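Here is the structure we will look at, set down as structure tokens.
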There are 4 protein chains.
Amino acid sequence: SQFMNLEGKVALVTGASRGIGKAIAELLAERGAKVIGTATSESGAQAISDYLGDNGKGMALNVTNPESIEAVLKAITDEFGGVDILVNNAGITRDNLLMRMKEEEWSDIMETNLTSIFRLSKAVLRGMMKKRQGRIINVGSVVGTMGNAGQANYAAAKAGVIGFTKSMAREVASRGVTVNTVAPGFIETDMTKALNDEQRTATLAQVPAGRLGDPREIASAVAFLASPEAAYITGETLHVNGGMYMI
Amino acid sequence: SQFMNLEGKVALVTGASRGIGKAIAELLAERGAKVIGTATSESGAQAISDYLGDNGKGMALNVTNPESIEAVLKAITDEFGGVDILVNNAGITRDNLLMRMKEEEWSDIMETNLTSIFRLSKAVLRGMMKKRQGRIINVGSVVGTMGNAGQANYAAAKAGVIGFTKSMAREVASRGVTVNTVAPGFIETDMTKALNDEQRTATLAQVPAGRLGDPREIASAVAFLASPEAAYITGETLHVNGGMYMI
Amino acid sequence: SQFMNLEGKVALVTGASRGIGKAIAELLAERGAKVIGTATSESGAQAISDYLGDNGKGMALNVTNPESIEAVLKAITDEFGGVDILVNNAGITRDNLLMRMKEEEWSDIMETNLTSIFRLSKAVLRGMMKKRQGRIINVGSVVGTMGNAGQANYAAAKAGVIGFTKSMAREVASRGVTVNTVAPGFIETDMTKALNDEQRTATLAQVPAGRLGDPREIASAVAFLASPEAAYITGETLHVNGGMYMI
Amino acid sequence: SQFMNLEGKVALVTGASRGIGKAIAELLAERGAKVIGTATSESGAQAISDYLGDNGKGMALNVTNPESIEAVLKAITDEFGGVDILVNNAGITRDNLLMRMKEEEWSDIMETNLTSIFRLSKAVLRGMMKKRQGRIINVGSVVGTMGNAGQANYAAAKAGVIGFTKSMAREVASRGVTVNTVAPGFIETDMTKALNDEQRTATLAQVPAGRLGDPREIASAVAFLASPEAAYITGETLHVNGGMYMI
Ligand SMILES: [Cl-]
Ligand SMILES: [Cl-]
């Protein structure tokens, strides 16, 4: 139908070889977008090409490297036209209580989870503004809003993503580009699957929904914000956390 | 498709004869819901039946009257089965600076815009909890979060809707019922159409989007939250305001 | 010293016979304010006069009765001059899960915890605006921001206090009147003392501070906002909850 | 008196040669703290020693240099004992619309306004935790919460400060260390004094207070949070913005 239809849009989803990033890339494709998903290695890139088939392709992308960013985008633009939707999902954790937290654990989190957004957003914004149409959607975290012990770095970067989102939203609203954040809670992934029973039960104790989120549930919120129907939403943080936190 | 498909769901949308409430009712019907929209009068009810056709019907409902509430719901339940989706959109304004604000202008706002949500939510929750499935979505306002001079009553009620929403979200999350608020900014409606040029330009000065939202844009955010895909969103306030405010 | 000095200010503190309200009244008096504290009965009023001594007095006040409000304020104004600082602390609970919550338990909460703030604020604002100086400080609750199961009425009223506060803050900021909310978490009081061990330990599990707050800690936050030094704080909600919730 | 008395506390205030940082250092001293204020150069350090006199001293501190941080703290600890209060006020701006924003303008803001907090907090936390007593207070900005066009970097760092604050607050609450942010709005400083009439009037148009803040008003909020009386406040953002934004 004409409802949340992304035919004619070109979407770039970073960190799309598995879990949330994969779900996003698949759902945007299913809604009609041409999707370029990225991974850190070529084998991941290939896995992305494999699941996307005729709806898009996989590329190798180092989100902390300007040269990689410039090369990946040139290839997209050459083949598909300018990016209409950017989903910043690439991200890592380097957990530790502050007194154990290395300089590199802090800086790597800042570079990968916050500075990347600045670089990638900057690389796509010009075309979006000239076309008077765009979506930038950042995959944040409940931890950005809630805070969490042992994750001061991750929390700082993810909260930073929101300050960036709000400022960019103001900057580009009049030109028809929205900028928003989706903030997952505890979503079932490989990382959460590796947790032991105690750890999972403990975390479930803080989720009124009494279960973990599915990656497809984050994907749905992303495709919603990516849609023409979400044009009047900007500078927003959409929380998908089973009631873990309520703002 | 299977995406945001509301076939099999029964939706009750209050205050549905025009604008936002109408847009909501029409979109939920288009996504497959059986929709009962309400109005204060039988002529409004009929206009509702007229636009819904085979997808639902209009009923006369006084949201400040328990007897009306009981009668409308009995009729729905008899014909359609229990309500799966409640959208509380009925609401009014009684604007005045505090020193001019009558006792009745305060109390009418509280009754219509806040106590109604208590009554209607209570009237539908039992079946939702037994079925282990439900959506309650309140149409709030940016004013509830931002505040606005000359609207301390409206702001209080709309902010009250959020405290109610969070508490109910916690109460019923484990039973698969979500409770959320959609908070419109400045949406083009009859009320906003009656504003003079100065007033509209002044208000647009505070919207980075530089336009009024469309009622359909509010409808889309409600339909999204009403969908199966939104099962992991609860206790949330979804702002649809063109950047007027950013939380 | 000249620091947070309230000499020359007249403060009205509702619900001041014990706990938080008493602590507030005693601290404002200690910082130099002439303090009128209220209670529902004459015996409470007397207990208030007894602890205030030469720094103020107790009066009987029914916050849900306009006639009582008019009479108490006339007395204050006659003796002391216009009220410079209003602290709305009077409030009650009527807890129940929604399906057990009586019409009267909802309406009594709305009247006592929200409509009271409308009435009392309205009754003091005119003199504050003419003098181009004033403080209105509402004692809210973490529950207004967080939500809580079994307290949807209380949450709604306390969240309503914030919408009212923001709107009034906008209405009167240019005239040198601030309007703010102090939002206590779990504070040691008679109510919390009556809780059993299980209930207290369960609630302490959600407080990172690992203790209940003291009424004096709420008093200090109110005295701070009441001070000249706080002239540039308005429309704000000051959370004093030991980390129970973080916004 | 015994009210907000900081006798026996050792306070480190970064960026204290002028404006807000100076006001903070002076007020903490006035409330009885031994204060070490810092500046980037020795001449600033000397100016700080000059205004502090017998209440403390100035030191040269490069907040983006671990070696400088280690040397300044050793000297404090040697002379005064462990730091009890840390105020992170050192900060810069590197404004530009995103498309004009250099890599270095982004990174310098991240390093100076966010990574510094991680380094300085880490350098002081151990002693605070062993003593079971501490205050870390970060001077943020309304722009962290509101966003602002042309300041996406500043907004991101200042929002990042909050995510860090909330996480650290959780980490150390049980050990009697609070962590909080004070978020100034438009405060009169050299930077705001250099603005032209149009720019100032434009910005005042967004402040309901209808004036700029004074540095002493930020200082008051800082000394309040630094006090024993604020022990039950942690993970909070205290907004001092004349109503410019209302959360
Ligand atoms: Cl309404
Ligand atoms: Cl209360």
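In the structure tokens, each chain is lettered A, B, ... as it comes, each chain's residues begin at 1, and ligands are numbered from 1 in order of appearance.
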- Item | Env. residues ligand 2 / 10 Å / only C-alpha atoms and all ligand atoms / as a list in words | residues 15, 20, 88, 89, 90, 91, 92, 93, 109, 112, 113, 139, 140, 141, 154, 157, 158 and 184 of chain C
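Those residues of stretch 26-214 of chain B that DSSP, working from the backbone, places in strand (DSSP E) are residues 34, 35, 36, 37, 38, 39, 56, 57, 58, 59, 60, 85, 86, 87, 88, 134, 135, 136, 137, 138, 139, 177, 178, 179, 180, 181, 182, 183 and 184 of chain B.
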Sorted per-residue table, chain D near chain A, closest atoms and distance, 6 Å, only C-alpha atoms, as a tab-separated table:
residue	atom	partner	partner_atom	distance
D:144	CA	A:163	CA	5.4
D:147	CA	A:167	CA	4.1
D:148	CA	A:167	CA	4.5
D:149	CA	A:171	CA	4.6
D:152	CA	A:164	CA	4.9
D:155	CA	A:163	CA	4.7
D:156	CA	A:160	CA	4.2
D:157	CA	A:160	CA	5.8
D:159	CA	A:160	CA	4.9
D:160	CA	A:160	CA	4.1
D:163	CA	A:156	CA	4.3
D:164	CA	A:156	CA	4.6
D:166	CA	A:147	CA	4.6
D:167	CA	A:147	CA	4.1
D:170	CA	A:149	CA	5.5
D:171	CA	A:149	CA	4.6
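Between residue C:59 and the candidates C:104, C:12, C:33, C:219, the tightest atom-to-atom separation, counting only C-alpha atoms, involves C:12.
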Give me, as a CSV table (one decimal) with C-alpha atoms, in the first residue's frame, all polymer residues having an atom no more than 10 Å from residue C:238, counting only C-alpha atoms and skipping those fewer than 3 positions away in the same chain.
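After the write, out17.csv holds the following:
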chain,number,residue,atom,x,y,z
C,139,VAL,CA,6.0,19.5,47.1
C,140,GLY,CA,5.5,16.8,44.5
C,141,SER,CA,6.8,13.2,44.4
C,142,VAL,CA,9.1,11.0,42.4
C,180,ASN,CA,9.0,25.2,40.9
C,181,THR,CA,8.4,21.7,42.2
C,182,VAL,CA,10.5,19.7,44.8
C,183,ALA,CA,10.0,15.9,44.1
C,184,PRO,CA,10.8,13.8,47.1
C,218,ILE,CA,13.4,18.1,51.5
C,221,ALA,CA,15.8,21.9,48.8
C,222,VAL,CA,12.6,24.0,49.4
C,225,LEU,CA,14.4,27.4,45.9
C,235,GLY,CA,9.5,25.9,35.8
C,241,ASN,CA,15.3,10.9,45.8
D,233,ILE,CA,20.3,14.5,45.6
D,236,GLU,CA,20.1,15.1,39.0
D,237,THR,CA,20.4,17.9,36.5
D,238,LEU,CA,19.5,21.3,38.2
D,239,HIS,CA,18.4,23.8,35.5
- Item | Selected residue, from D:243, D:228, D:213, D:176, that lies nearest to residue D:5 when counting only C-alpha atoms | D:228
- Message: as a PyMOL selection string, please: the residues near residue B:45 (cut-off 7 Å, only C-alpha atoms, same-chain neighbours under 5 positions excluded).
- Response: chain B and resi 38-39+58-60
